[PDB]
Every structure is written in C-alpha cells, then in structure tokens.
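Shown next: target-v6.cif, containing mmCIF, C-alpha atoms.
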data_query
#
loop_
_atom_site.group_PDB
_atom_site.id
_atom_site.type_symbol
_atom_site.label_atom_id
_atom_site.label_comp_id
_atom_site.auth_asym_id
_atom_site.auth_seq_id
_atom_site.Cartn_x
_atom_site.Cartn_y
_atom_site.Cartn_z
ATOM 1 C CA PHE A 4 -18.975 23.971 13.559
ATOM 2 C CA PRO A 5 -17.087 22.191 10.772
ATOM 3 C CA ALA A 6 -17.925 23.170 7.201
ATOM 4 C CA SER A 7 -18.786 20.425 4.656
ATOM 5 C CA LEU A 8 -19.335 20.199 0.936
ATOM 6 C CA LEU A 9 -21.578 17.445 -0.262
ATOM 7 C CA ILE A 10 -21.118 15.978 -3.731
ATOM 8 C CA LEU A 11 -24.351 14.480 -4.948
ATOM 9 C CA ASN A 12 -24.357 11.912 -7.647
ATOM 10 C CA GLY A 13 -26.621 13.136 -10.424
ATOM 11 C CA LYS A 14 -28.996 10.128 -10.103
ATOM 12 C CA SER A 15 -29.693 10.095 -6.376
ATOM 13 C CA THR A 16 -30.846 13.821 -6.327
ATOM 14 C CA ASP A 17 -34.632 13.923 -5.777
ATOM 15 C CA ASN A 18 -34.799 12.737 -2.192
ATOM 16 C CA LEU A 19 -36.916 15.155 -0.217
ATOM 17 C CA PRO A 20 -35.612 13.717 3.134
ATOM 18 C CA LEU A 21 -32.005 14.628 2.271
ATOM 19 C CA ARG A 22 -33.067 18.054 1.153
ATOM 20 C CA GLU A 23 -34.946 18.561 4.479
ATOM 21 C CA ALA A 24 -32.156 16.956 6.435
ATOM 22 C CA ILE A 25 -29.728 19.462 4.872
ATOM 23 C CA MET A 26 -32.092 22.351 5.827
ATOM 24 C CA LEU A 27 -32.399 21.311 9.467
ATOM 25 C CA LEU A 28 -28.612 21.175 9.921
ATOM 26 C CA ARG A 29 -27.778 24.270 7.917
ATOM 27 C CA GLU A 30 -29.827 26.317 10.349
ATOM 28 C CA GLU A 31 -28.593 24.438 13.383
ATOM 29 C CA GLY A 32 -25.527 26.378 12.085
ATOM 30 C CA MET A 33 -23.698 23.936 9.785
ATOM 31 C CA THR A 34 -22.269 24.982 6.461
ATOM 32 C CA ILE A 35 -23.118 22.227 4.002
ATOM 33 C CA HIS A 36 -22.384 23.206 0.434
ATOM 34 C CA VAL A 37 -24.067 20.968 -2.102
ATOM 35 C CA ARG A 38 -22.842 20.201 -5.648
ATOM 36 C CA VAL A 39 -24.403 17.803 -8.118
ATOM 37 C CA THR A 40 -22.365 15.795 -10.615
ATOM 38 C CA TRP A 41 -23.314 15.305 -14.223
ATOM 39 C CA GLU A 42 -20.393 13.133 -15.360
ATOM 40 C CA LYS A 43 -16.793 11.833 -14.994
ATOM 41 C CA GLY A 44 -14.427 14.640 -13.847
ATOM 42 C CA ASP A 45 -17.124 16.587 -12.012
ATOM 43 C CA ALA A 46 -16.151 15.034 -8.645
ATOM 44 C CA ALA A 47 -12.584 16.326 -8.933
ATOM 45 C CA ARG A 48 -13.737 19.833 -9.744
ATOM 46 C CA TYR A 49 -15.960 20.048 -6.696
ATOM 47 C CA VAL A 50 -13.242 18.509 -4.535
ATOM 48 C CA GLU A 51 -10.974 21.316 -5.649
ATOM 49 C CA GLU A 52 -13.704 23.711 -4.712
ATOM 50 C CA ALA A 53 -14.081 22.152 -1.297
ATOM 51 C CA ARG A 54 -10.385 22.850 -0.708
ATOM 52 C CA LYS A 55 -10.904 26.569 -1.554
ATOM 53 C CA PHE A 56 -13.502 26.789 1.191
ATOM 54 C CA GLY A 57 -11.183 24.976 3.615
ATOM 55 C CA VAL A 58 -14.010 22.561 4.353
ATOM 56 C CA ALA A 59 -13.518 19.804 6.973
ATOM 57 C CA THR A 60 -15.032 16.906 5.073
ATOM 58 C CA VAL A 61 -16.052 16.138 1.525
ATOM 59 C CA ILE A 62 -19.110 13.886 1.522
ATOM 60 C CA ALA A 63 -19.731 11.367 -1.240
ATOM 61 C CA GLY A 64 -23.508 11.082 -1.843
ATOM 62 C CA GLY A 65 -23.584 8.037 -4.108
ATOM 63 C CA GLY A 66 -22.731 4.320 -4.298
ATOM 64 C CA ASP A 67 -19.248 2.897 -4.634
ATOM 65 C CA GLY A 68 -18.468 4.767 -7.917
ATOM 66 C CA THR A 69 -19.070 8.220 -6.496
ATOM 67 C CA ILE A 70 -17.147 7.175 -3.408
ATOM 68 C CA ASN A 71 -14.204 6.385 -5.737
ATOM 69 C CA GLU A 72 -14.429 9.536 -7.734
ATOM 70 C CA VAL A 73 -14.355 11.538 -4.592
ATOM 71 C CA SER A 74 -11.687 9.388 -2.971
ATOM 72 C CA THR A 75 -9.464 9.388 -6.066
ATOM 73 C CA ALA A 76 -9.569 13.122 -6.289
ATOM 74 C CA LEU A 77 -9.024 13.307 -2.524
ATOM 75 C CA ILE A 78 -6.004 11.176 -2.567
ATOM 76 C CA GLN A 79 -4.562 13.310 -5.382
ATOM 77 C CA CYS A 80 -4.578 16.564 -3.604
ATOM 78 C CA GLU A 81 -1.254 18.314 -3.205
ATOM 79 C CA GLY A 82 -0.867 20.178 0.149
ATOM 80 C CA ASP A 83 -1.892 20.291 3.860
ATOM 81 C CA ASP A 84 -5.636 20.663 4.689
ATOM 82 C CA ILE A 85 -7.045 17.801 2.682
ATOM 83 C CA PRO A 86 -10.673 17.292 3.818
ATOM 84 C CA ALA A 87 -11.710 13.948 5.105
ATOM 85 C CA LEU A 88 -14.165 11.789 3.263
ATOM 86 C CA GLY A 89 -17.686 11.257 4.564
ATOM 87 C CA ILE A 90 -20.209 8.878 3.081
ATOM 88 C CA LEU A 91 -23.902 8.912 2.319
ATOM 89 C CA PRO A 92 -25.225 5.627 0.952
ATOM 90 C CA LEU A 93 -27.227 6.748 -2.054
ATOM 91 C CA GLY A 94 -26.173 4.253 -4.692
ATOM 92 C CA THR A 95 -28.435 1.422 -5.780
ATOM 93 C CA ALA A 96 -26.021 -0.856 -4.023
ATOM 94 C CA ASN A 97 -23.711 0.548 -1.393
ATOM 95 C CA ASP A 98 -21.589 -2.474 -0.637
ATOM 96 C CA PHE A 99 -18.742 -0.407 0.685
ATOM 97 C CA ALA A 100 -20.913 1.712 2.942
ATOM 98 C CA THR A 101 -22.961 -1.199 4.262
ATOM 99 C CA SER A 102 -19.769 -3.073 5.173
ATOM 100 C CA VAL A 103 -18.182 -0.244 7.140
ATOM 101 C CA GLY A 104 -21.585 0.018 8.736
ATOM 102 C CA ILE A 105 -22.564 3.547 7.619
ATOM 103 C CA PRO A 106 -25.979 4.194 9.274
ATOM 104 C CA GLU A 107 -29.065 3.167 7.296
ATOM 105 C CA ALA A 108 -30.993 5.983 9.108
ATOM 106 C CA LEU A 109 -30.432 9.007 6.775
ATOM 107 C CA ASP A 110 -29.949 11.704 9.494
ATOM 108 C CA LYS A 111 -27.399 9.671 11.546
ATOM 109 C CA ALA A 112 -25.428 9.069 8.372
ATOM 110 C CA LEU A 113 -25.153 12.757 7.709
ATOM 111 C CA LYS A 114 -24.248 13.175 11.349
ATOM 112 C CA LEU A 115 -21.361 10.613 10.989
ATOM 113 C CA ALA A 116 -20.303 12.078 7.680
ATOM 114 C CA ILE A 117 -20.049 15.625 9.132
ATOM 115 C CA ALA A 118 -18.964 14.992 12.754
ATOM 116 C CA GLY A 119 -17.589 11.433 12.806
ATOM 117 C CA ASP A 120 -14.090 10.559 13.924
ATOM 118 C CA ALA A 121 -12.027 10.481 10.831
ATOM 119 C CA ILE A 122 -9.669 7.544 10.473
ATOM 120 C CA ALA A 123 -6.896 6.979 7.831
ATOM 121 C CA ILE A 124 -7.735 4.213 5.444
ATOM 122 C CA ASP A 125 -6.145 2.521 2.444
ATOM 123 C CA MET A 126 -6.996 2.999 -1.220
ATOM 124 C CA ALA A 127 -6.091 0.549 -3.916
ATOM 125 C CA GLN A 128 -4.624 1.734 -7.171
ATOM 126 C CA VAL A 129 -4.379 0.000 -10.499
ATOM 127 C CA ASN A 130 -1.503 0.746 -12.851
ATOM 128 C CA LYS A 131 -0.579 3.903 -11.040
ATOM 129 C CA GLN A 132 -3.859 5.375 -12.448
ATOM 130 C CA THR A 133 -7.385 4.164 -11.658
ATOM 131 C CA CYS A 134 -8.262 3.683 -7.917
ATOM 132 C CA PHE A 135 -10.752 1.785 -5.895
ATOM 133 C CA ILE A 136 -11.712 1.798 -2.280
ATOM 134 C CA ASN A 137 -13.548 -1.519 -2.215
ATOM 135 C CA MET A 138 -13.295 -4.421 -4.649
ATOM 136 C CA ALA A 139 -11.663 -5.471 -7.851
ATOM 137 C CA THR A 140 -13.033 -8.597 -9.536
ATOM 138 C CA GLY A 141 -11.595 -9.992 -12.725
ATOM 139 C CA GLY A 142 -12.739 -12.413 -15.359
ATOM 140 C CA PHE A 143 -12.261 -13.514 -18.880
ATOM 141 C CA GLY A 144 -15.284 -12.227 -20.685
ATOM 142 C CA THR A 145 -15.926 -9.633 -23.438
ATOM 143 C CA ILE A 166 -21.351 -14.376 -13.056
ATOM 144 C CA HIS A 167 -24.101 -11.731 -13.614
ATOM 145 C CA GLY A 168 -24.509 -8.531 -11.588
ATOM 146 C CA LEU A 169 -22.231 -10.771 -9.524
ATOM 147 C CA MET A 170 -19.662 -8.544 -11.490
ATOM 148 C CA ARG A 171 -21.018 -6.535 -14.523
ATOM 149 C CA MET A 172 -20.134 -9.557 -16.719
ATOM 150 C CA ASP A 173 -22.049 -12.276 -18.628
ATOM 151 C CA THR A 174 -19.825 -14.962 -20.218
ATOM 152 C CA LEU A 175 -17.254 -16.245 -17.760
ATOM 153 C CA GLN A 176 -14.644 -18.734 -18.940
ATOM 154 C CA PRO A 177 -11.511 -19.958 -17.250
ATOM 155 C CA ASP A 178 -8.171 -18.714 -18.726
ATOM 156 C CA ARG A 179 -4.450 -18.453 -18.026
ATOM 157 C CA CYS A 180 -2.934 -15.924 -15.721
ATOM 158 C CA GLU A 181 -0.018 -15.514 -13.450
ATOM 159 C CA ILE A 182 -0.281 -13.458 -10.262
ATOM 160 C CA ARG A 183 2.356 -12.242 -7.742
ATOM 161 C CA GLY A 184 2.821 -10.302 -4.520
ATOM 162 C CA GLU A 185 5.044 -10.492 -1.386
ATOM 163 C CA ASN A 186 5.865 -14.201 -1.092
ATOM 164 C CA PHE A 187 3.023 -14.933 -3.341
ATOM 165 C CA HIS A 188 3.175 -16.435 -6.796
ATOM 166 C CA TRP A 189 0.583 -18.340 -8.731
ATOM 167 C CA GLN A 190 -0.061 -19.558 -12.222
ATOM 168 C CA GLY A 191 -3.062 -21.393 -13.741
ATOM 169 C CA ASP A 192 -6.417 -20.919 -15.365
ATOM 170 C CA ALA A 193 -8.828 -18.953 -13.177
ATOM 171 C CA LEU A 194 -12.470 -17.962 -13.421
ATOM 172 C CA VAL A 195 -12.661 -15.061 -11.066
ATOM 173 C CA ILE A 196 -10.005 -12.941 -9.388
ATOM 174 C CA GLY A 197 -11.126 -10.851 -6.421
ATOM 175 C CA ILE A 198 -8.594 -8.468 -5.011
ATOM 176 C CA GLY A 199 -10.247 -6.553 -2.123
ATOM 177 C CA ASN A 200 -9.752 -3.506 -0.005
ATOM 178 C CA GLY A 201 -13.188 -4.355 1.410
ATOM 179 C CA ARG A 202 -15.089 -7.576 2.035
ATOM 180 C CA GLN A 203 -18.055 -7.653 -0.289
ATOM 181 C CA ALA A 204 -18.589 -6.906 -3.899
ATOM 182 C CA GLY A 205 -21.775 -5.839 -5.775
ATOM 183 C CA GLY A 206 -24.745 -7.831 -4.640
ATOM 184 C CA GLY A 207 -23.022 -8.265 -1.298
ATOM 185 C CA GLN A 208 -21.284 -11.543 -0.758
ATOM 186 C CA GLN A 209 -17.927 -11.759 0.906
ATOM 187 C CA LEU A 210 -15.249 -12.336 -1.669
ATOM 188 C CA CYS A 211 -12.527 -11.490 0.877
ATOM 189 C CA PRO A 212 -14.252 -11.990 4.213
ATOM 190 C CA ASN A 213 -11.180 -10.962 6.239
ATOM 191 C CA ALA A 214 -10.140 -7.731 4.451
ATOM 192 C CA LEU A 215 -9.420 -4.696 6.579
ATOM 193 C CA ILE A 216 -9.100 -1.231 5.126
ATOM 194 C CA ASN A 217 -6.277 -0.319 7.455
ATOM 195 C CA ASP A 218 -3.792 -3.199 7.378
ATOM 196 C CA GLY A 219 -1.983 -2.030 4.262
ATOM 197 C CA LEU A 220 -2.694 -5.364 2.466
ATOM 198 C CA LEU A 221 -4.861 -6.266 -0.415
ATOM 199 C CA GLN A 222 -6.614 -9.637 -0.029
ATOM 200 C CA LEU A 223 -6.490 -11.915 -3.092
ATOM 201 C CA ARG A 224 -8.934 -14.772 -3.867
ATOM 202 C CA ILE A 225 -8.455 -16.819 -6.966
ATOM 203 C CA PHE A 226 -11.429 -18.842 -8.146
ATOM 204 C CA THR A 227 -10.285 -21.879 -10.124
ATOM 205 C CA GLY A 228 -12.393 -24.279 -12.242
ATOM 206 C CA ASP A 229 -16.276 -23.636 -12.219
ATOM 207 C CA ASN A 245 -10.242 -25.833 -0.163
ATOM 208 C CA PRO A 246 -8.089 -26.318 -3.441
ATOM 209 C CA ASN A 247 -10.588 -24.423 -5.696
ATOM 210 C CA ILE A 248 -9.730 -21.072 -4.075
ATOM 211 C CA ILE A 249 -6.218 -19.767 -3.574
ATOM 212 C CA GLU A 250 -5.698 -16.921 -1.094
ATOM 213 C CA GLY A 251 -3.172 -14.277 -0.388
ATOM 214 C CA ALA A 252 -2.515 -10.999 1.180
ATOM 215 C CA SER A 253 -0.062 -8.428 -0.015
ATOM 216 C CA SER A 254 0.512 -4.751 -0.249
ATOM 217 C CA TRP A 255 0.793 -5.310 -4.093
ATOM 218 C CA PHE A 256 -0.147 -7.804 -6.772
ATOM 219 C CA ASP A 257 1.020 -8.088 -10.362
ATOM 220 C CA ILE A 258 -1.324 -9.894 -12.773
ATOM 221 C CA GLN A 259 -0.571 -10.952 -16.338
ATOM 222 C CA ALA A 260 -2.582 -12.945 -18.871
ATOM 223 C CA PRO A 261 -2.091 -13.646 -22.592
ATOM 224 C CA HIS A 262 -5.685 -12.675 -23.188
ATOM 225 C CA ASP A 263 -7.385 -9.667 -21.811
ATOM 226 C CA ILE A 264 -8.722 -9.713 -18.295
ATOM 227 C CA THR A 265 -11.801 -7.712 -17.468
ATOM 228 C CA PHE A 266 -11.586 -6.113 -14.039
ATOM 229 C CA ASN A 267 -14.623 -4.450 -12.538
ATOM 230 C CA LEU A 268 -13.125 -1.816 -10.114
ATOM 231 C CA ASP A 269 -15.980 -0.697 -7.987
ATOM 232 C CA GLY A 270 -18.155 -0.488 -11.114
ATOM 233 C CA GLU A 271 -15.460 1.023 -13.419
ATOM 234 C CA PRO A 272 -14.328 -1.495 -16.175
ATOM 235 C CA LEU A 273 -10.685 -1.854 -17.084
ATOM 236 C CA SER A 274 -9.368 -4.390 -19.584
ATOM 237 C CA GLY A 275 -5.897 -5.560 -20.445
ATOM 238 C CA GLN A 276 -3.190 -8.162 -20.007
ATOM 239 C CA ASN A 277 -1.179 -6.394 -17.294
ATOM 240 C CA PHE A 278 -2.301 -5.186 -13.914
ATOM 241 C CA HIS A 279 -0.202 -3.867 -11.061
ATOM 242 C CA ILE A 280 -2.527 -3.334 -8.028
ATOM 243 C CA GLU A 281 -0.917 -1.455 -5.116
ATOM 244 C CA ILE A 282 -2.146 -0.274 -1.807
ATOM 245 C CA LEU A 283 -1.896 3.408 -0.992
ATOM 246 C CA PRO A 284 -1.586 2.907 2.720
ATOM 247 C CA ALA A 285 -3.440 5.456 4.817
ATOM 248 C CA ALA A 286 -4.136 7.567 1.740
ATOM 249 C CA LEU A 287 -7.221 9.342 3.003
ATOM 250 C CA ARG A 288 -9.177 9.931 6.208
ATOM 251 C CA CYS A 289 -12.733 8.723 6.387
ATOM 252 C CA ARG A 290 -15.396 9.465 8.934
ATOM 253 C CA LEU A 291 -16.252 5.934 10.043
ATOM 254 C CA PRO A 292 -18.490 4.703 12.864
ATOM 255 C CA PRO A 293 -16.619 3.727 16.064
ATOM 256 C CA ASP A 294 -16.938 0.070 15.855
ATOM 257 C CA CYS A 295 -16.179 -0.267 12.187
ATOM 258 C CA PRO A 296 -16.086 -3.959 11.054
ATOM 259 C CA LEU A 297 -13.158 -3.338 8.584
ATOM 260 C CA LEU A 298 -10.662 -1.669 10.911
ATOM 261 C CA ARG A 299 -7.962 -3.733 12.725
#
Would you put the structure from the file into structure tokens?
Amino acid sequence: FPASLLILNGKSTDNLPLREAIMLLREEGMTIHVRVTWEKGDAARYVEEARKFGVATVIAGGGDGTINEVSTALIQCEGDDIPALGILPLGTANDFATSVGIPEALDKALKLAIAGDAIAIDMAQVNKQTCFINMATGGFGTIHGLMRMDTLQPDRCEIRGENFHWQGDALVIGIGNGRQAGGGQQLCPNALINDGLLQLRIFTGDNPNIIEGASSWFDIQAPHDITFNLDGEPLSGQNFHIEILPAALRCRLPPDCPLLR
C-alpha cells in the first residue's frame, strides 16, 4: 500500500465526507497523513515533510491555487523520490481539476489521487519564479471573475516565442497550460499539458480579433504594467518571460485524460 500525505487548504476543511472517506481508507490499510495550511509557504513545508516519510503521492486538497503551491514546491525538490501529485477538487472553482476530468464523486477522486497512474506533465513558470499549472490571463487594469479584474482597457504590448512575434494593443492575453480559466470557458481550447508548449491567445479590440500561437516560451513586454492572474495569484509588471518546465512533475490523472496528447 502506497503512503500519501494530504495537504488540505485551510478553507475546505469541514467536510465530514472527506473525514469519513479518510477513515475508511486508513483502516483498509492506507497511510494518509493530513496537514492543513494556514497561509503562503505552508504547502512547501508539508511537501518537505512528505519527502521525509518517503510518501508516494502528495495530494492537493484545494482549487487551482493550492494545486500550484503544492506543484511549485514539488517541482523544486532536489533529489530522487519526489512524490507524485494527486488532486482533490475542493476549491470554489476547480477549473484545472474539472478539465483533466478528476472525478466529481469524492471517494473515486481520492482513489485516483492515491492509486492512479502517474503521468509526467508540464508546469509553466513566470520569470524563473512564480509557477502555474493551468492558466495565465493578462490585462491592463489596476472582464469580472472572468479574471480577478474590473477595468479592462486595451494597451500596447509586444509578445514573442518560437517563430512567433506580435505587437499591438490587446485587451486580454491568455497563455495556457490548460484549457479553461476561472469560471470555465476555453481560452485555449487545444492546450495539452504534455506537449511542452504553452498556447497563446491574444484578444484584440473589445478570425482577426484573436491571434494564436504555441511555444515552449513567450516573452511579453509593455510600457505600462500588465496584470497577470496566474491561477489566482496576481503578478504585475512590464516584463514577463513565461517558460514551460516540460515534464516537471508526475500527476495521478484518469486514464482518458482530455489534456494529454
């Protein structure tokens, strides 16, 4: 039986079913450590702790943000027995988990997350620092839950990647590892998380209105600040280098997964 440590996002705690689901399995003979996060940096600590135990999987119990905190710490482990990632959709939206088709049924999800066949997948990383496993969307702000932003105005940027170059004013920039952002509409409907490419969609104005591209990297510059929402995390600035970390971690994913080549 493979050991697991589950990292619960502080919000999604209270959930009698999950508690009872963890009991059932623990006595069926599975080790499932649990750890609850209170804030940024907690994820990494409990990942480190998972490594101590030599656990098989670390399971992100959360929405996209918790999945990133766990992933980012995963993909910055030194060494040899890095745990895989497993996912339990416990955010308020779970765009990433829905789109890889993590089971809605709570017990089956655990079952996948603990026993599933792990498969190497890509992470995206911004300015050799912040990471994201799903979607980056960018705007000139300061629309709605459409991307944690409120005033959206078109403004100059220049963007480049392998045999890709573009310059103009733009309203939204979606660079995806996955298909669907917050809410759950396809910004990059053909993304795969194992092709080693980011998908780029530039929304011009307010088909010539959308420019598209696919590259293992994109540089973005703008004279005024761009506001990127990276799987919930905000990042502002005039220079972004977004690069794929190909095959950076192993995820327990269901067999048919829609986002695998």
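Among A:288, A:279, A:29, A:14, the residue with the shortest atom-to-atom distance to residue 122 (chain A), counting only C-alpha atoms, is A:288.
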Item to complete: Measure the distance from CA of residue 36 (chain A) to CA of residue 136 (chain A) in Å and round it to one decimal.
Response: 24.1 Å
Item to complete: Starting from the displayed file, determine the output of the PyMOL selection byres ((chain A and resi 74-84) around 8) and express the residue list as an NGL selection string.
Response: :A and (46-47 or 50 or 54 or 57 or 70-73 or 85-86 or 88 or 133-136 or 286-287)
Could you tell me which residues the PyMOL selection byres ((chain A and resi 144) around 6) grabs in this file, written as a compact mmCIF listing (two decimals) with C-alpha atoms, in the coordinates of the input?
# COMPACT_ATOMS: atom_id res chain seq x y z
CA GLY A 142 -12.74 -12.41 -15.36
CA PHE A 143 -12.26 -13.51 -18.88
CA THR A 145 -15.93 -9.63 -23.44
CA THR A 174 -19.82 -14.96 -20.22
CA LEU A 175 -17.25 -16.24 -17.76
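For the residues A:11, A:129, A:58, A:27, ranking by smallest atom-to-atom distance to residue 266 (chain A) using all atoms listed in the file places A:129 first.
Across the model, the gap from CA of residue 199 (chain A) to CA of residue 223 (chain A) is 6.6 Å.
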Which residues of region 98-194 of chain A come within 6 Å of region 250-256 of chain A, and what is each one's closest atom pair and distance in Å (one decimal), counting only C-alpha atoms, sorted by chain and residue number, as CSV?
residue,atom,partner,partner_atom,distance
A:183,CA,A:256,CA,5.2
A:184,CA,A:256,CA,4.5
A:185,CA,A:253,CA,5.7
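For the file at hand, the PyMOL selection byres ((chain A and resi 168-173) around 10) resolves to residues 139, 140, 141, 142, 143, 144, 145, 166, 167, 174, 175, 176, 195, 204, 205, 206, 207, 208, 265, 266, 267, 268, 269, 270, 271 and 272 of chain A.
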Worksheet entry | For residue 285 (chain A): contacts at 7 Å, only C-alpha atoms, fewer than 3 positions along chain excluded, given as a ChimeraX atom specification | /A:123-125,217
Worksheet entry | Contact residues around residue 277 (chain A) with only C-alpha atoms at 9 Å, ignoring same-chain residues under 6 positions, as a ChimeraX atom specification | /A:130,257-260,263-264
How about saving the chosen residues, C-alpha atoms kept, as a PDB file, in the coordinates of the input?
ATOM      1  CA  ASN A 130      -1.503   0.746 -12.851  1.00  0.00           C
ATOM      2  CA  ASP A 257       1.020  -8.088 -10.362  1.00  0.00           C
ATOM      3  CA  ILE A 258      -1.324  -9.894 -12.773  1.00  0.00           C
ATOM      4  CA  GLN A 259      -0.571 -10.952 -16.338  1.00  0.00           C
ATOM      5  CA  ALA A 260      -2.582 -12.945 -18.871  1.00  0.00           C
ATOM      6  CA  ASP A 263      -7.385  -9.667 -21.811  1.00  0.00           C
ATOM      7  CA  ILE A 264      -8.722  -9.713 -18.295  1.00  0.00           C
TER       8      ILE A 264
END
Worksheet item: What is the distance, in Å and to one decimal place, between CA of residue 281 (chain A) and CA of residue 220 (chain A)?
Response: 8.7 Å
Fill in: Nearest candidate to residue 62 (chain A) (options A:216, A:290, A:32, A:42; using all atoms listed in the file)
A:290
For region 168-181 of chain A, what centre and edge lengths in Å (one decimal) does the axis-aligned box get once 6 Å is added on each side of all its listed atoms, as lines of an AutoDock Vina configuration file?
center_x = -12.3
center_y = -13.2
center_z = -14.9
size_x = 36.5
size_y = 25.4
size_z = 22.7
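Distances to residue 25 (chain A) were evaluated for A:87, A:100, A:109, A:53 using only C-alpha atoms, and the minimum falls at A:109.
Counting all atoms listed in the file, the residue from A:282, A:215, A:291, A:93 that sits nearest to residue 18 (chain A) is A:93.
Checking A:191, A:44, A:284, A:68 one by one against residue 248 (chain A), counting all atoms listed in the file, you find the shortest gap at A:191.
Excluding residue 213 (chain A) itself and any same-chain residue fewer than 5 positions from it, the protein and nucleic acid residues within 10 Å of it, counting all atoms listed in the file, are residues 199, 200, 201, 202, 222, 296 and 297 of chain A.
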